[PDB]
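Everything below concerns the one structure shown next.
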Amino acid sequence: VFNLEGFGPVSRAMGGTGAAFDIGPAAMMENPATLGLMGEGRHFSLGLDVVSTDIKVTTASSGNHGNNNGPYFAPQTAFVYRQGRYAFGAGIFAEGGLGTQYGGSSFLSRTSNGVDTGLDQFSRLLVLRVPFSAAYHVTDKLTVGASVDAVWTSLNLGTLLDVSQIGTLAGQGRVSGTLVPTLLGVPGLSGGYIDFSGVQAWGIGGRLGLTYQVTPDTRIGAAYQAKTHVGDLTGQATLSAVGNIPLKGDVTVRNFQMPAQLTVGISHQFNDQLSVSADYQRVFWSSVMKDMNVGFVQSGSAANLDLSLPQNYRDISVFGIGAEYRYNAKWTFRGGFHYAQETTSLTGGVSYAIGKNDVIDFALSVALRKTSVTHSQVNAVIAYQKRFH
Ligand SMILES: CCCCCCCCOCCOCCOCCOCCO
Numbered sequence: 003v004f005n006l007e008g009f010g011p012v013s014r015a016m017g018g019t020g021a022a023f024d025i026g027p028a029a030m031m032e033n034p035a036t037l038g039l040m041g042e043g044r045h046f047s048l049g050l051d052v053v054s055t056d057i058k059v060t067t068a069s070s071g072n073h074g075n076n077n078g079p080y081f082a083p084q085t086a087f088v089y090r091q092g093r094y095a096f097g098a099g100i101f102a103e104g105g106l107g108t109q110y111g112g113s114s115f116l117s118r119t120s121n122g123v124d125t126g127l128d129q130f131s132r133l134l135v136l137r138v139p140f141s142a143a144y145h146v147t148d149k150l151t152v153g154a155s156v157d158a159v160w161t162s163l164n165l166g167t168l169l170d171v172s173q174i175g176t177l178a179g180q181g182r183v184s185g186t187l188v189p190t191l192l193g194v195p196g197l198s199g200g201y202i203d204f205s213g214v215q216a217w218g219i220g221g222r223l224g225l226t227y228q229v230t231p232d233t234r235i236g237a238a239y240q241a242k243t244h245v246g247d248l249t250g251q252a253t254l255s256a257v262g263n264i265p266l267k268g269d270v271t272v273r274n275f276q277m278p279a280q281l282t283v284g285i286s287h288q289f290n291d292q293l294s295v296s297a298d299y300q301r302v303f304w305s306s307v308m309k310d311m312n313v314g315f316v317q318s319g320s321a322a323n324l325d326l327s328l329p330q331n332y333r334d335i336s337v338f339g340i341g342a343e344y345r346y347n348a349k350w351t352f353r354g355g356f357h358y359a360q361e377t378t379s380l381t382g383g384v385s386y387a388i389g390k391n392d393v394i395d396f397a398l399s400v401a402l403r404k405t419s420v421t422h423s424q425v426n427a428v429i430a431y432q433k434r435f436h
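Numbering-wise, the sequence shown is residues 3 to 60, 67 to 205, 213 to 257, 262 to 361, 377 to 405, 419 to 436 according to the deposited numbering.
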């Protein structure tokens with residue numbers, strides 16, 4: 003729900019699509035019902051995801073500065089056992105990769121008046137999901153599936169919060185803690201620099224969906240992703256306002276929610292070479308209407324500083340389309356397009387069968403340019432899969 007390129011080489015290479023198509027073990031993260039579309043035997047998957055973001059804000069620019077905001081390379085492994093009407097599997101998929109690392113010599117450093125620096129502007133969100141799923145042919149044409157995952161969410165930024173003063177415009181009611189004394193006092197005027205470093216949390220998520228063989232050549236499906244339940248993000252941070264003001268203590272974040280998700284899609288085989296998929300996805304960010312407050316405790320002491328962040332978003336809809344072309348017995352080509360709004379990326383991938391039971395797959399998603420703030424984005428994925436039977 004944070005990026006949205008789909009999981010695995012097949013899905014990424016086919017527009018993030020996957021509701022009614024067999025996209026491999028990654029199905030555990032999309033539509034669990036899709037497993038069991040796979041062939042009997044045991045399947046092992048091994049690969050890694052890479053997010054390459056480049057951002058230019060004017067002239068500041070995190071993206072790929074030098075060598076420390078480089079790309080996160082998250083590993084992914086998966087197991088799937090197929091037998092008769094059954095499918096069982098577990099995996100470790102590392103979604104999330106929206107990190108930034110601007111310098112220290114630019115603005116966003118320059119504060120609401122003219123002062124500078126600090127440890128400066130960065131930000132990183134990492135999310136691990138360990139799904140345990142099952143898929144069952146309830147019929148020769150109906151297959152349901154589901155998966156419950158353990159989730160590891162880990163973020164941490166480095167940013168300034170001026171908003172002048174006021175603390176919520178003024179007497180709003182949000183900001184205000186029994187340590188908000190240094191605030192107002194001190195004697196700087198502009199430069200709240202928090203430095204999470213580091214605030215994870217173990218949560219629980221899950222999903223279930225179905226596929227229905229309308230015809231031997233057309234399949235449909237739908238999947239529903241429950242609202243993730245991440246719990247509190249705890250971590251030792253070091254706040255510091257602005262001369263300059265240093266501080267230290269561990270912070271707690273409550274209500275960092277991940278929206279529920281609904282997905283319906285279609286797949287059709289036009290012959291033994293070409294197949295096409297199309298999915299519709301809705302991300303209910305409208306249901307994340309709660310308060311997200313950032314707490315600040317410090318030593319053995321009870322110095323406080325709460326800040327509530329209003330959360331009012333709107334549902335996001337994304338449409339996807341992809342094709343899988345079986346060029347021949349060992350080369351498969353995939354391409355697709357992914358559109359999100361209410377935001378656009380070309381998709382491609384190639385699979386090479388190193389003989390049956392063994393296949394290397396490489397997929398990549400390229401975002402189109404949006405614009419100030421302009422960013423480029425590339426999502427590469429490479430996986431190795433071997434089945435035993
Ligand atoms: C609709 C898409 C939203 C996706 C973005 C979710 C990421 C939001 O921010 C998470 C970090 O929390 C921000 C906190 O405020 C800044 C620091 O805290 C203040 C000091 O007490």
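Where a beta carbon is used, it is the ideal one built from N, C-alpha and C, also for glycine.
Quick one: what does DSSP say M31 is sitting in, helix, strand or coil?
Against the sequence shown, residue 31 aligns to sequence position 29. In the three-state scheme derived from DSSP, where H, G and I count as helix and E and B as strand, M31 is classed as helix.
Within a Cβ cutoff of 8 angstroms, which residues of the same chain sit near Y144, ignoring the five residues on either side of it in sequence?
The count along the sequence shown starts at 1 and reaches residue 144 at position 136. Excluding positions up to five away in sequence, the list reads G38, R93, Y94, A95, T151, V152, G153.
Just to confirm before moving on: does the CB-CB distance between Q276 and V302 stay below 8 angstroms?
Residue numbering aside, residue 276 sits at position 257 when the sequence shown is read from its first letter. Residue numbering aside, residue 302 sits at position 283 when the sequence shown is read from its first letter. Contact: no.
Status (buried if at least 16 other CB within 10 Å, exposed otherwise) for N290
In the sequence shown, counting from the first residue as 1, residue 290 sits at position 271. Exposed.
Does ligand 1 have a heavy atom nearer than 7 angstroms to the CB of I202?
For the purposes of this step, residue 202 is taken as the residue at position 194 of the sequence shown. The answer is yes for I202.
Sequence-distant residues of the same chain with beta carbon closer than 7 angstroms to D24, five excluded per side
For the purposes of this step, residue 24 is taken as residue 22 along the sequence shown, with counting starting at 1. Taken in chain order, the residues that qualify are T36, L39, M40.
To which residues of the same chain is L6 closer than 7 angstroms at the C-beta, ignoring the five residues directly before and after it?
The residue labelled residue 6 in the question sits at position 4 within the sequence shown. Closer than 7 angstroms at Cβ, skipping near neighbours: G18, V337, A359.
Assuming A22 and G284 are in contact, meaning their beta carbons sit under 8 angstroms apart, how far apart are those beta carbons, in whole angstroms?
The count along the sequence shown starts at 1 and reaches residue 22 at position 20. The count along the sequence shown starts at 1 and reaches residue 284 at position 265. Confirmed, about 5 angstroms.
Near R234, what residues of its chain come up, given a Cβ to Cβ distance below 6 angstroms and the 5 sequence neighbours on each side ignored?
Position 219 of the sequence shown, counting from 1, holds the residue named residue 234. Closer than 6 angstroms at the Cβ level, and outside the excluded window around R234, lie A22, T226, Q228, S286.
Throw me the rounded Cβ distance for the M31 and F4 pair, which I believe falls under 8 angstroms.
Here residue 31 is taken as the residue at index 29 of the sequence shown, counted from 1. Here residue 4 is taken as the residue at index 2 of the sequence shown, counted from 1. Incorrect: roughly 13 angstroms between the Cβ atoms, too far for contact.
Count the C-beta pairs between the stretch 326–340 and the stretch 170–186 that are closer than 8 angstroms, then say yes if the count reaches three, no if not.
yes
Are the CB atoms of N33 and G224 nearer to each other than 8 angstroms?
Stepping through the sequence shown from its first residue, residue 33 is reached at position 31. Stepping through the sequence shown from its first residue, residue 224 is reached at position 209. In contact: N33 and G224 (Cβ atoms closer than 8 angstroms).
According to DSSP, what are the bridge partners of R222?
To locate residue 222, count along the sequence shown from 1; it is residue 207. Residue pairing for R222: DSSP places it in a beta bridge opposite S155, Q240.
To test your reading of the DSSP string, which unbroken beta strand (DSSP E) runs of 3 or more residues are found completely within the stretch 274–359?
280–288, 293–302, 310–315, 327–329, 335–347
Under 6 angstroms Cβ to Cβ from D395, same chain only, skipping five residues before and after it: list those, please.
Here residue 395 corresponds to residue number 361 of the sequence shown, with the count starting at 1. If we look at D395 and ignore the five residues flanking it on each side, its Cβ neighbours are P11, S385, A430.
When you compare each of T377, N274, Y346, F46 to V313 by their alpha carbons, which one comes out closest?
Position 294 of the sequence shown, counting from 1, holds the residue named residue 313. When each option's Cα is compared against that of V313, the closest is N274.
With C-beta atoms as the reference, is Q129 less than 8 angstroms away from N76?
As a position in the sequence shown, residue 129 is number 121, starting the count at 1. As a position in the sequence shown, residue 76 is number 68, starting the count at 1. Their beta carbons are not under 8 angstroms apart, which means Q129 does not touch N76 by this criterion.
Grab the span of the beta strand (DSSP E) containing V53 for me, first residue to last.
Within the sequence shown, numbered from 1, the residue matching residue 53 stands at position 51. From DSSP, the beta strand (DSSP E) with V53 extends over 43–59.
Using DSSP with H/G/I as helix, E/B as strand and the rest coil, what is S379?
Residue mapping note: residue 379 aligns to position 345 of the sequence shown, counting from 1. In the structure shown, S379 sits in a strand (DSSP, three-state: E or B).
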